[PDB]
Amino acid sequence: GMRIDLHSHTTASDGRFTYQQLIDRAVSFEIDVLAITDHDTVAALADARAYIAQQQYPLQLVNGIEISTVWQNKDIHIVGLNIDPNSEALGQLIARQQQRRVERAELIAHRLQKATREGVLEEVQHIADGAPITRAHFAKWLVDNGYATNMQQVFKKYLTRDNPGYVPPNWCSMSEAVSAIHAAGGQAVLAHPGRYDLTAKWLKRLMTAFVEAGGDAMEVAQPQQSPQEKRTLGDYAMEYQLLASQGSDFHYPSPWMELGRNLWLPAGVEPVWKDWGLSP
């Protein structure tokens, strides 16, 4: 059909590729449709679209965003697809979220410093290079200074619940994120549901709350994932009347990560792009 990837990041958030480098890579990997879904920002989207046109690439760019929200005291990520980057409602939410991120980074650095060494905040600010600061920026600092062996080990030792540097979530609500994405003309997507580490009971509660908030879709496919896991999440999407999304969550290349990799949907699920009028 088409090769589609609806979750990726640039250096506007915690990706390591500029939007130009991400787009060049997508073209080389024959991606037909790419969403850029940076964390609590839309700063790359207008320039990315202009770059594609200037380069005469055939890639279809989907305007996106990844919004941190709080639900039942958990950090839940809601992606918006086909948003208007100039939306006033969305821009106001982005400004509030970015102010929260400044305050949160100060507190995370304050706590992480007690378990590591002085200078955490200023050096993580250098890593973020003007982007809104995320846990991934702190994780790189932790790896680069030998407190963890890789980005996967970081979160077993730091930043997460019951580990040094943890700060509880203090974001907008899921319903606020969904309302703002809709006001910007987009579809709201419950991102990476398996990453929340919830029991089936709690995952069903989350999906119910997301539907009740007006949510449109859930990510069913990601690169590191078994067919059975896809089948279970596809069953949930069907049961809860949600469309299915797919995305790599690319931040940088690795043996286990690539644009478009392992992004297929199981039988019966309706894709989030069914009414986008795409072509290969």
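Throughout, we count residues from 1 along the sequence that is shown.
The mean C-alpha temperature factor is higher for 103-111 when 103-111 and 185-193 are set side by side. For the pair 203-211 and 115-123, the record assigns the higher mean C-alpha temperature factor to 115-123. Sorting 85, 132, 165, 80 by the CA temperature factor given in the entry leaves 165 at the top. Across the options 173, 73, 98, 179, the residue with the most elevated CA B-factor in the record is 73.
In the PDB entry, a CA B factor belonging to the lowest third of its chain's modelled residues is recorded for residue 272.
In the deposited entry, the Cα temperature factor of residue 58 sits in the middle third of values across the chain's modelled residues.
Ranked by C-alpha B-factor against the other modelled residues of its chain, residue 19 falls in the lowest third. Among all modelled residues in this chain, the alpha-carbon of residue 247 has a temperature factor (C-alpha) in the lowest third. In this PDB entry, the Cα temperature factor of residue 255 sits in the top third of its chain's modelled residues, the highest group.
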